[PDB]
Structures are given as structure tokens and as C-alpha cells.
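Some notes on the structure that comes next.
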Amino acid sequence: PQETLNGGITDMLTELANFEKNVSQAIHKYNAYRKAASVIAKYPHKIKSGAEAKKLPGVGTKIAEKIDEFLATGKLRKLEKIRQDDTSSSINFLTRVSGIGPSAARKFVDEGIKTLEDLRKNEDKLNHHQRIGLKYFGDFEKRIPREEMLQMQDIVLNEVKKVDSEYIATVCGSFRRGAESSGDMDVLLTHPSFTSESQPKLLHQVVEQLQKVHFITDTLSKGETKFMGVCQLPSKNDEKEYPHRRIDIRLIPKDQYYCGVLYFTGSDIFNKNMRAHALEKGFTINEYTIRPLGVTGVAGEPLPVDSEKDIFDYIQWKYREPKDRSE
DNA sequence: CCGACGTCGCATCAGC
DNA sequence: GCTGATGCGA
DNA sequence: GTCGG
Ligand code: NA
Ligand code: NA
């Protein structure tokens, strides 16, 4: 379905979503508008009325009403008003800085700090994460062409193997499903020495090596199992330098790795279908394990998993390529 | 009518 | 100083 | 805000 079909409506709903999350701090209303915006974007007909839209799951009385107003007038009074509101639109905007959520954005705007300019003038009020978000504001809102992702992967797989050739690393996200572009890079790392039942050094050494070859440029957060940071392809010769990119790296015990890989490969929709399909066969799959219910409903021990396919086998489902995992 | 609605690792705050 | 809560991102 | 026990 094309944008032209219901884009005005889904744009409206997504904007309303953002104000709920960032200004009203009503996360569930945020998810409500987003789900409605999704089911509408997938709807293969130009919507003619709110009543028509209400047939869709996630679309209730109040959104039907708003769709009516939008159809008859080409706008929404409430949205027009909040757009023009100096406080609210500023709060909503500041949250586009990574590390600035609804609560921090609220406080800044309370003390008069409203713009990137104002943030720039008030560095000492920013935490480390927020400074990095501000520094790379523009870069972080850019997408990553698959070709750059491949080049990023080259470096990541290369430097990981160089640290220890027994590491296993997998770049997941939409990239692994074959997307033409990506929002960031999500890397899953395991090692034969790290299981559930078993150093608190394995992640640090990989981060270190990627910083040594100047791939990783900044650190948002870093513990023993999760790294969140910034990276950058080297500039080719004398050419225009690449944007800085968001990269996450997480260390998962070997026995939970492929549950990890499956889960962080997605898509979101596929994971739920699969996870329902799922319960029906009598098994329980979170991001870590698969476990059998359980005649009353008592989940038993985590089953052995040694590939993605192993999981599919358990629930009598035929292995499916990442490319065929949009749902 | 009224509660559910991803969850969890890390950084930092709030309180002791 | 430590422990638990809160904010944040994904 | 929407769904449903
Ligand atoms: Na509906
Ligand atoms: Na933000």
C-alpha cells in the first residue's frame, strides 16, 4: 500500500503517538496510536470514514472520530493546537536527542532550555550519553545503506576473529533479513567459554580492539554483557567522511545464543506469530530460551538449542530464512 | 468497569 | 559508602 | 486509546 492512500491519517496518528510518549508520558497511549497507524498503513484501500477504519484491530471509537474530523477538514484541531504550543513542541523535539527522554526534555524546557542551541550553551547540564546524542544529532537520524552495513560488518567480523578465532559474531536486525538500509548495527557475540552455568572479560576485549583500529569512536554505555556506542567507517582517501553510526554489541551465553539471534533478527511481527505458534504446540520461547509447558502450565527446563533451526524443529515449524521473516 | 498493554542492562539519581 | 528506584534505549 | 476478562 502506498503513502498516498492513507498517509495523512497515519502521519496524524504517529504524531499523536509522539506527543503522548514525550509530553503526556502515556506510553500505552503511544503504543495504541502506533498500532493503529500500523494496521492502517497495511490497509490496501483509501479509507473513506472513521466507521470503515474502526473495523480494523487497534482502531477504536476515538480514532474513528479523529479520522472523521481529518477526512472532513484535512486537519485535526487538537494536533494543530499542540503543534503551535511552544512548551509541548519543544519538549517533543528535544527527545530526538539520544539520551534525552520525556523526563529530561520536560526539565530542560522547564528551565528555559528549548533548542539544540540551548543544549549547546548548557553542556554542564548534560550527562555523557546526552552530550554524545547532541554531538551526533544529525548523524543519528540518518539511515545506513546496506552497502555501508556490509563494510561495517567486514570490520566487525574481522576484528572479532582477530581477538579470538573462537568468538562467534552475528549482525542481526533488519540487516540480517536483507533490508536495503538500517537504522543502526546490532551485533550478537558469544564464545565457547561463556555459558549460563559457567570471563567477565570477553566483551571488553572486543570493544577494545574495535577502538584500537578506530572503528568505535564513542561509548554510550558498557558493562559485562552489553555495549552501546558509536562507530564510523574510515574515510576513503580524500573523500567526504561517513556519518557516525550507532552500534550495539551484546555478549550472550553460548546456550542462549541462537534464541538471542532469532529474537534480535525479527521482525517484531514475525516474533509474535512465531511465539504464539509457539504456545499452541506447548512451548515457551523468550529472548533467552525455549521451555516446555507443562500440563497445568508449569514451564520446565530450557531445551538444548544449537542453531536457529533447532528452535523451529521444536515447534514443528520448517526453518525459515531471515529474508522471509517480515511476518 | 477496570487492568493489561515488551523487558532488561546500564548510568545515574534518591535515600539511607 | 551501599541499595534500590528511575530514566533511557531498543 | 483499545481490547477484553
Ligand atoms: Na476496531
Ligand atoms: Na531521546
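Letters go in sequence order (proteins before strands), and every chain restarts at 1.
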Exercise. Do any side-chain nitrogens or oxygens of A/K66 fall under 4.0 Å of OP1 or OP2 in D/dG1?
Worked result: yes
Exercise. Rounding to the closest angstrom, what is the interatomic distance between B/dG6 and D/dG4 at atom P?
Worked result: 14 Å
Problem set entry | Donor-acceptor pair between A/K222 and A/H204 side chains, under 3.5 angstrom | yes
Exercise. Heavy atoms under 4.0 Å, any strand shown: does A/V97 hit a base, just sugar-phosphate, or nothing?
Worked result: sugar-phosphate
Exercise. Would you say a side-chain N or O of A/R246 is under 4.0 Å from OP1 or OP2 of C/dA10?
Worked result: yes
Problem set entry | Identified side-chain hydrogen bond (donor to acceptor under 3.5 Å, both in side chains) partner of A/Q151 from the options A/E147, A/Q153, A/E148 | A/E147
Problem set entry | A/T289 and A/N286 side chains, donor-acceptor separation under 3.5 Å | yes
For this session: Round to a whole Å and report the spacing from CG of A/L126 to P of B/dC13.
Result: 12 Å
Exercise. Nearest to the side chain of A/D184, which nucleotide is it out of C/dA10, D/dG1, B/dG9?
Worked result: C/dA10
Problem set entry | Nearest-angstrom distance from the residue atom NZ of A/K272 to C1' of B/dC5 | 12 Å
Problem set entry | Whole-Å distance separating the NZ atom of A/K21 from the P atom of C/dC8 | 10 Å
Problem set entry | Distance in angstrom units between A/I252 CD1 and B/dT7 P, rounded | 18 Å
Exercise. Which part of the nucleic acid does A/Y33 contact within heavy-atom distance under 4.0 Å: base, sugar-phosphate only, or nothing?
Worked result: sugar-phosphate
Problem set entry | Shared hydrophobic cluster, A/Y242 / A/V171 (ILVMFWY, side-chain heavy atoms < 4.5 Å) | yes
For this session: Kindly say if A/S221 contacts the phosphate of C/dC8, meaning a side-chain N or O under 4.0 Å from OP1 or OP2.
Result: no
Problem set entry | A/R275 and A/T284 side chains, donor-acceptor separation under 3.5 Å | yes
Problem set entry | Rounded distance (Å) that lies between atom P of C/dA10 and atom CZ of A/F175 | 19 Å
Exercise. Looking for any heavy atom pair under 4.0 Å, which part of the strands does A/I63 touch: base, sugar-phosphate only, or nothing?
Worked result: sugar-phosphate
Exercise. Quick one: do the A/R325 and A/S267 side chains pair a donor with an acceptor below 3.5 Å?
Worked result: no
For this session: Name the closest nucleotide to the A/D248 side chain, picking from C/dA10, B/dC8, B/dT12.
Result: C/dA10
Seminar exercise, completed: Per nearest nucleotide of DNA chain B, the residue lying toward the 5' end, A/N127 or A/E287, is A/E287
Exercise. Base, sugar-phosphate, or nothing for A/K35, non-hydrogen atoms under 4.0 angstrom?
Worked result: nothing
Exercise. For A/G223 and A/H28, take the nucleotide of DNA chain B holding the closest heavy atom to each; which residue's nucleotide lies nearer the 5' end?
Worked result: A/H28
Exercise. Does A/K226 make a side-chain N or O approach to OP1 or OP2 of B/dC10 shorter than 4.0 Å?
Worked result: no
For this session: Determine, using the 4.5 Å side-chain heavy-atom cutoff (strictly less than), whether A/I168 and A/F175 are members of one ILVMFWY cluster.
Result: no
Exercise. For every nucleotide of nucleotides 1-7 of chain C, 5' to 3': is a protein heavy atom under 4.0 Å from its base (B), only from its sugar-phosphate (S), or from neither (-)?
Worked result: ------S
Problem set entry | Separation of B/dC8 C1' from A/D186 CG (nearest whole Å) | 14 Å
Exercise. Taking atom P of D/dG1 as reference, at what distance in whole Å does atom OH of A/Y30 sit?
Worked result: 17 Å
For this session: Pick base, sugar-phosphate or nothing for A/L56, based on heavy-atom distances below 4.0 Å to the nucleic acid.
Result: sugar-phosphate
For this session: Counting heavy atoms from C-beta on, name the nucleotide in C/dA10, B/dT12, B/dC8 closest to the side chain of A/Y288.
Result: B/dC8
Exercise. Hey, what's the ring geometry for A/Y314 with A/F283, parallel, tilted or perpendicular (30° and 60° as the breaks)?
Worked result: tilted
For this session: Whole angstrom is fine here: how far is it from CG in A/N286 over to P in B/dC8?
Result: 8 Å
For this session: Indicate the ring-plane relationship of A/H45 and A/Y43, choosing parallel, tilted or perpendicular according to the 30° and 60° boundaries.
Result: perpendicular
For this session: Among C/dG9, B/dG6, B/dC5, find the nucleotide with the atom closest to the side chain of A/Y263.
Result: B/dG6
